[PDB]
Every structure is written in C-alpha cells, then in structure tokens.
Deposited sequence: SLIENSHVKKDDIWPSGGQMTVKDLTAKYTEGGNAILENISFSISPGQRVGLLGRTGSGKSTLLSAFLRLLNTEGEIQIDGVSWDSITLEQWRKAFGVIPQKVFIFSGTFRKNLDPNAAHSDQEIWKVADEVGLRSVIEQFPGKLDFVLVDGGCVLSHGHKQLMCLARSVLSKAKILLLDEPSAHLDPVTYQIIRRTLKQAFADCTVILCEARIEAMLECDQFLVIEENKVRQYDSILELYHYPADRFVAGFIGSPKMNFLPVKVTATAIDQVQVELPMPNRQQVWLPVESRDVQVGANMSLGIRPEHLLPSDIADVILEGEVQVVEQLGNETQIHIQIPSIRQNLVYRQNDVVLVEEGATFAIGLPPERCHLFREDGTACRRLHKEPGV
C-alpha cells in the first residue's frame, strides 16, 4: 500500500499551541485540499502561517484531525507521517556519514536511483568533485556544502522518499537565486502531480495557484481562484494583496440599508448618495465604513453617473499601463486611477461605478459583493 497516493488533505478543527499550557495561535481550523493542488498561503503579519506548516509536521502541541489520503495522523509514527511531506526551506540535518547515507538513510535505493534524483535536482556535479563521490564522507555537519547544496539534499531526500505534499515556507526569501530556480524546476518536473502549499509575502511569485488559503482571526477562508481573490476579498487585507497599484479606500457613512444592498455617502463636502450591490447583513445605518475601489475599475468622466474631479499630482508612465494619481479637493484625499497602455497639474475627472465597489467595516471585514463578475 503505497502512501501517499494523490496528495489530498483534510483538516478538522485544528488547534496548534506551542506550549502545553501556553496560548493557542490557531483556535479551531477546518479545510480540505484536493490532490495535486497548488495552494497559496496568506495572512497578516503574525497570523500563524508558519505555525500551520509546523502543525502539519506535528512539531508542536496539536489538537484535532489531519488526514492525507484518508489516513489519520494518530495511527502513524511521526517520522512516517513526515515522510509524506517535502519541506523546503528546512532546518537541514546532515547526518554523520557519506553522501549516499545522507540521501538514502534507509539504504532502500540503488546507486543508479540515487544518481538519477541527484542529476534532476542538480547535485551530480556537487557530489562528483569529492574523491569518493557517493562514498565521500561529509564531516562537521556537511561544512563542504553551501546553504543551497544542503537544501538540494533535503529536496533530493524527498524526491527519493516520494513525498506528495510540499510545504514551501517562503522559498524565494530564504534561498539562493540559483538554488531557488532548481526548486521551481523540479516542482513542475518531479512533483508535477503533487499538492504544493506555497507561502509567500508577494502575490507576484504565487501567480500560479489553483487555490488560496487565507488565515482570518478565528477561521480560514479558502478562495477557489485568483479571480475569486481579486473580485471577492472577504477582508481588507486580501483586497490590498492582489492588484497593483493598491485598491483605493474611501471613508464612508451608511445612509441606508436594504435587503441585498447598502447605501453610503462620500466623506466630502459634496457627500453624494450611492447604492451598492453588496450584502446588507450586519450593517447598521449610520456606521462608519471603508469603500474599496480599484484603480483598474475607475471609469473616465464622460462615462459614469457618480463623477469626481481633481488636479493630477503624478502621471506615472510605465509603458504597458499609465498610473494617474489625482488629488481630489472634493474628497479630502487622493484617488489613484489606472488604464492599460496628459501631464501633471491639469484637471482630471473620474467616474466611480457602484457595481464594482467593495465595502469594508471598521474591523476590516467585507460585506459580500453580489455583482457577478464573469469568470
């Protein structure tokens, strides 16, 4: 019975605590990942991203149920459970002995097998320089190896162990550029049909994810696509994460609610009234809100019904896009406008489309957008 098989993982009310009598960083967490899914892990500074990955490996006091391919984490040994995962970057353990042993601790592999994995992870040349090749003894914690060499050995170890779930704890951050690329290369090659949990600080190097997993305060929401994350951020953090330049935020007051709508007024001496195709639940009339609108979605003057005007402070020419920073006097703040593929000072005018406005409460959470964006 070859385990793991696909890479599917289910989580039921997970509680991760560092000390037996400490404080729980993750209260009660449930989710499920389909086999062979590349999942982006997101969260605010300190929310518990690294802790989740540490809880997967059971490296702290853990309560609840984790299951890979319908097998619980309670009827299997730590080292067997950890063999299912390929963790890089990793606290590198280089064992006392030879290259062969460090790659194949169980002695369960042919020398030809070891060389094959070594070659595909770029270790062939690293091993060859040393007298005994595979027979060469690695002294003093593997002090002849660079940081990257050591990570490639952890990786090779996992390819050889045939791991099925990969835990990338900010790889681009903690790796050599030359090492990091090989990791991405073997990711689409050796671990092509594997669950990958990419955790990083920038969406630029997460652009290829089928799924996302964002850590809230108590729950973990999961977005089925980049499109979902872009159009329907369930909080103000997620709204700022995707799309550049950042989403414009406007302070607004709720003048009215409805059944499936919310009305707000602009913060300005112009204080205009506008309805928003946004969920009405948990919205008290009079409350303070933050209206979100992307620079991408802002219409030109001649187009919309709700119009704004101001003097241009910055015209940023990038070639494939043009960024217009408009200092609007009506509203006491700037408004960044954008359009695909006009100098500083002159009066610009932008239209704000109610259909594509996000709405955020004081706490940060978003009122669900009801407008159905195609795709």
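Chemist: Could you give the ranges of the deposited sequence that carry no C-alpha coordinates?
Modeler: 1-11, 353-355, 390 are the stretches of the deposited chain that have no C-alpha coordinates in the structure.
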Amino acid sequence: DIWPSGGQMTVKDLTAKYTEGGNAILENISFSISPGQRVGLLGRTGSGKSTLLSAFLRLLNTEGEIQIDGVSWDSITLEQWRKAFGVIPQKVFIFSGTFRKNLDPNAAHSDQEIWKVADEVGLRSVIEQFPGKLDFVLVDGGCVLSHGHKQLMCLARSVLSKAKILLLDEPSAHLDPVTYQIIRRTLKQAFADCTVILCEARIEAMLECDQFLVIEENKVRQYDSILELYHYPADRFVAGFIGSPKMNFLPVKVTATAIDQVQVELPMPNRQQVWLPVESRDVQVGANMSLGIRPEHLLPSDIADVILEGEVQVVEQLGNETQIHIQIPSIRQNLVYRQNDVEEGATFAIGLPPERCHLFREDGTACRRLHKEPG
From here on, numbers count along this sequence of modelled residues.
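Chemist: Which is higher in the entry, the mean Cα B factor of 364-372 or that of 4-12?
Modeler: The deposited B-factors put 4-12 ahead on the C-alpha mean.
Chemist: Report the stretch with the higher mean CA temperature factor, choosing between 181-189 and 111-119 on the basis of the entry.
Modeler: Of 111-119 and 181-189, the stretch with the higher C-alpha B-factor average is 181-189.
Chemist: Among 171, 97, 269, 277, where is the Cα temperature factor highest, going by the PDB entry?
Modeler: Across 171, 97, 269, 277, the entry lists the biggest C-alpha B-factor for 269.
Chemist: Could you tell me which third, lowest, middle or highest, the C-alpha B-factor of residue 352 occupies within its chain?
Modeler: Its C-alpha B-factor, which the entry lists for residue 352, ranks in the middle third among residues of this chain.
Chemist: Of the three thirds of its chain by CA temperature factor, lowest, middle or highest, which one includes residue 151?
Modeler: Its C-alpha B-factor belongs to the lowest third of this chain's values.
Chemist: Please rank the C-alpha B-factors of the chain's modelled residues and tell me whether residue 77 sits in the lowest, middle or highest third.
Modeler: For residue 77, whose C-alpha B-factor we compare with every modelled residue in the chain, the answer is the highest third.
Chemist: Among the chain's modelled residues, which third holds the C-alpha B-factor of residue 290?
Modeler: It falls in the bottom third of the chain.
Chemist: Lowest, middle or highest third: where is residue 131 by Cα B-factor in its chain?
Modeler: Its C-alpha B-factor belongs to the lowest third of this chain's values.
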